[PDB]
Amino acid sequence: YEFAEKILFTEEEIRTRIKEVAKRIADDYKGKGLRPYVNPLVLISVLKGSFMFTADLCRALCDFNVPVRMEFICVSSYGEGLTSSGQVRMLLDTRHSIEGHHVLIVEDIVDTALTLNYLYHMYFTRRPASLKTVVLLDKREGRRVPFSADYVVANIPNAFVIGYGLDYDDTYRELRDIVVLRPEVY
């Protein structure tokens, strides 16, 4: 890993933490009457970065017998400096309606939270039975708009991280670990 200046989490550490958060999530819904087809926990995976976290998370949730429904959404910026409210163009949205469902937005990282805050409100206005967010990494001090994730795997400082779905110029998403990009590389 010559392009990295430090290792934050190895695949093994990530694996364990996800399992813990998944158990928490499962316990938190243990009374919501989740059932396949009619009442699944809807995971709204925000592309592209969360693809890896989502694959591992849904499997950990399955370990706790939580029936899930996978949704993948793709968003795009409208242009440079066009919004501040984190408004984004929806290229791909959920296949089913979330209205009346228990929904969980899945993200790899939250920093400024502009986009995630926007998406949260958006889905909130669609009337799901419930709406929460689970984010792998949280740069708590990076906020440009107040926003709290319901579940977080790890809190991190303002470093540029890569790996485990996270990229730098669409590179390194495939690493099994999360590392800090060497500022000499960036």
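Sequential numbering from 1, following the sequence displayed.
- In this entry, the higher average B-factor at the C-alpha atoms falls on 123-131, of the pair 123-131 and 141-149.
- Stretches 27-35 and 156-164 differ in mean C-alpha B factor, with the higher average recorded for 27-35.
- Across the residues 110, 88, 73, 98, the deposited record lists the maximum Cα B factor for 98.
- Annotation for residue 82: C-alpha temperature factor in the highest third relative to the rest of the modelled chain, per the entry.
- Placement of the Cα temperature factor of residue 180 within the chain: middle third of the modelled residues, per the deposited record.
- Residue 169: CA B factor in the middle third of modelled residues in this chain (values from the PDB entry).
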